[PDB]
Structure formats: C-alpha cells, structure tokens
Amino acid sequence: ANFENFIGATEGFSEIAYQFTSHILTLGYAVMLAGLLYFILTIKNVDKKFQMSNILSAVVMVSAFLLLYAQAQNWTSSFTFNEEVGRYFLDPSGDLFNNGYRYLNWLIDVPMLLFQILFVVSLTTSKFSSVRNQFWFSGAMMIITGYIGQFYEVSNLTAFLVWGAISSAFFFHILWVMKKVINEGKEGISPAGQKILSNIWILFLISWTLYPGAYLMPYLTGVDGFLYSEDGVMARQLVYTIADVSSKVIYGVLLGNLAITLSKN
Ligand SMILES: *C\C=C(C)/C=C/C=C(C)/C=C/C1=C(C)CCCC1(C)C
Ligand code: NA
C-alpha cells in the first residue's frame, strides 16, 4: 500500500511517534475550524467586490475541516498497540491508513485557492478566463498525478518518482501563472498593497513547495537512513500539516488584508 502501512506492519510505531502523529494531525483539523469561523466573522470588513474571496476561504475550510478530520481518525483507527512487543502495529481488522482523504481535500481546494486571488487583484494584460482555465486544469492534474504516484510508494519506486515528477510539472506551471498574476496585480495599487502582494508570493512559494518535500521525506536520506523510519513518518505528516495551515489559512488571511487595504482607494 503506502509507506506508513509498511512501518506499521513490519516494525511498528513507538507510542511517541503514534501519538505525536495523532496530535499534530488533530491540530490540523482544529485549525481549519478556527479559520472557518474567522473567515465568516470577517466577511464584513471588506467591500462587496472582494467578498467572493472570503467566501472561497470559508468553503475551503469546510472541506479541510471535514476531510482532515477523516484522515485523522484514519490514522488512529488503523494501528493497535501490542503490550508484548510495546509498539503500535497495522491492524488487520481496521481499514488501514489511507492518504485518499488528504489528496481529495487537495483536488477540491486547488481551483478555489487559485481562483480566489483573481477576485482581489486586477489583471492588466492577461485575460481573466485565460488565467482561470490554466489554473483549474494544471491544479487538478497536479493533485491527480500525485495521487497516482504515491500508490506505489512501497512497490514500484521508479513509478513513485516519475509520476510525482509529472505532478511537479503542472506545479511549476501553476507557479508561472501565479507569478504573472502577482505582477499585473501590483500595477496600479499602493506601495502598501504591493508589499502584501509580495508577502502572498513568498507564502505561496514556500507553503506549496513543502508538499513534494513531504511526499519524498522518507527517501531524502537514502534507501536506509534517519528518515527511512517512523521518524520520516512523523516528519512527512508534520510537514503536510504545516503546508495545510500555510496554503489554506495563512494564505486566505493574507488575501483578506489585501482586500481590506484595497477598500481604502
Ligand atoms: C490543500 C491545498 C493545496 C493547494 C494543496 C496543494 C498540494 C500540492 C501542490 C502537492 C503537490 C505534489 C507535488 C508537487 C509532487 C508530488 C505529488 C504532490 C501531490 C504531493
Ligand atoms: Na503514504
């Protein structure tokens, strides 16, 4: 199956990696619910013209709360403790750990996160529907091909890399079109609003690069090594959670500041 299943069915998890991974994943869905409330309550401090941005943040949190709750209970109900051996092991009766909850929350969210900037800033030379269509297509294909490649994380590894690599090409296209978007969005706004735009670019750049980092994490130190272990599991799932807070919550928080700043023309 995946690589988490491998460790829980050949070596187990110490009670310190199981609970750490259950606490940081629960942190993940709790945040999403505080961002659901924050975005609703803030829908007023922005003009009607930018409110579709906040709405899209509200919906993105509804799908993040629900599905990250799922992934969280998918990890805790997939491993049972062995007092004899003293570690946590894959449970044959449970449903096994399954990434598909996360990856699905990615495919729902990517049009929305990408589409929403185009309600705050104004393009100059590009065409709205041209940018929109390019985002929805490559965003969807990125998450899809990345959902394929990680199926073989344990089996065909050359598949795991080459399919992720394909998912990375769509990712670099998105980065291109976001980059052009940020740029035209700076034309004819204040220096203050331009500073915030610059923030949303460094935030978009780091948060989104984290994801393939988690994808590869157990293989970043060889065929065996430090990470080829429960430690790379602890690490891959802590990185994913920081990426989910950064790209969905801090991203929308920042975009709300810009809208607010642009309310004062
Ligand atoms: C939760 C919201 C968003 C926008 C999530 C984005 C996730 C990625 C950009 C993940 C990308 C991948 C890459 C670059 C290559 C391997 C497969 C991944 C899906 C992990
Ligand atoms: Na996995």
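So, how was this worked out
- Residues numbered from 1 in each chain as written, not as in the entry; some residues may be left out.
- Chains lettered and ligands numbered in written order.
- Heavy atoms only, no water.
- Residues with missing side-chain atoms left out of burial classes, pairs and counts.
- Helix = DSSP H or I, 4+ residues; strand = E, 2+ residues; numbered from the N terminus.
- Contact = heavy atoms within 4.5 Å.
- Near = heavy atom within 4 Å.
- Areas by Shrake-Rupley, 256 points an atom, 1.4 Å probe, with all protein chains shown as cover.
- 1 Å grid on protein atoms, 1.4 Å probe; cavity = no way out; pocket = protein on both sides within 12 Å on 5 of 7 lines; lining within 4 Å.
- Sits in = over half its atoms within 2 Å of the grid points.
- Nonpolar A, V, L, I, M, F, W, Y, C, P; charged D, E, K, R; others polar.
- Donors = N, O, S within 2.8 Å, 3.2 Å for Na, K, Ca; no water.
- Buried < 20%, exposed > 50% of the residue type's maximum accessible area, 1.4 Å probe, protein only.

For this deposition, the record names X-ray crystallography as the technique by which the model was determined and cites 2.5000 Å as its resolution.

K.L.:
Please provide a residue-by-residue account of the environment of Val 181, values included.
P.N.:
In this fold, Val 181 is placed in helix α6 (residues 157-186). Considered as a pair, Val 181 and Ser 14 are 167 residues apart in the sequence and their alpha carbons are 46 Å apart. Ignoring any residue separated from it by four or fewer positions in sequence, one finds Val 181 in contact with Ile 117, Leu 118, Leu 123, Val 131 and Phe 135.

K.L.:
Give a detailed account of the site of ligand 1, specifying residues and quantitative values.
P.N.:
Taken together, 17 residues lie around ligand 1, and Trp 106, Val 110, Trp 208, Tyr 211 and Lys 248 are the ones closest in. In isolation ligand 1 has 530 Å² of accessible area, and contact with the protein removes 100% of it. If you map ligand 1 onto the pockets, it falls in the largest cavity. Among the elements of the structure, α4 (100-117), α5 (128-149), α6, α7 (191-216) and α8 (230-262) are those that each provide at least two residues to the shell around ligand 1. When grouped by side-chain class, the residues that make up the shell around ligand 1 number eleven nonpolar, five polar and one charged.

K.L.:
Give me the lowdown on the coordination of the sodium ion (ligand 2), citing residues and values where you can.
P.N.:
The coordination sphere of the sodium ion (ligand 2) contains the protein donors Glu 4 (OE), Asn 99 (OD1) and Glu 153 (OE), at a distance range of 2.4 to 3.1 Å. Counting residues between consecutive donors of the sodium ion (ligand 2) along the chain gives the motif E-x94-N-x53-E. In this pair, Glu 4 sits in helix α1 (residues 3-8) while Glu 153 sits in the loop between α5 and α6, placing the two residues 149 residues apart along the sequence. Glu 4 gets classed as buried once you look at its relative accessible area, which sits at 0%.

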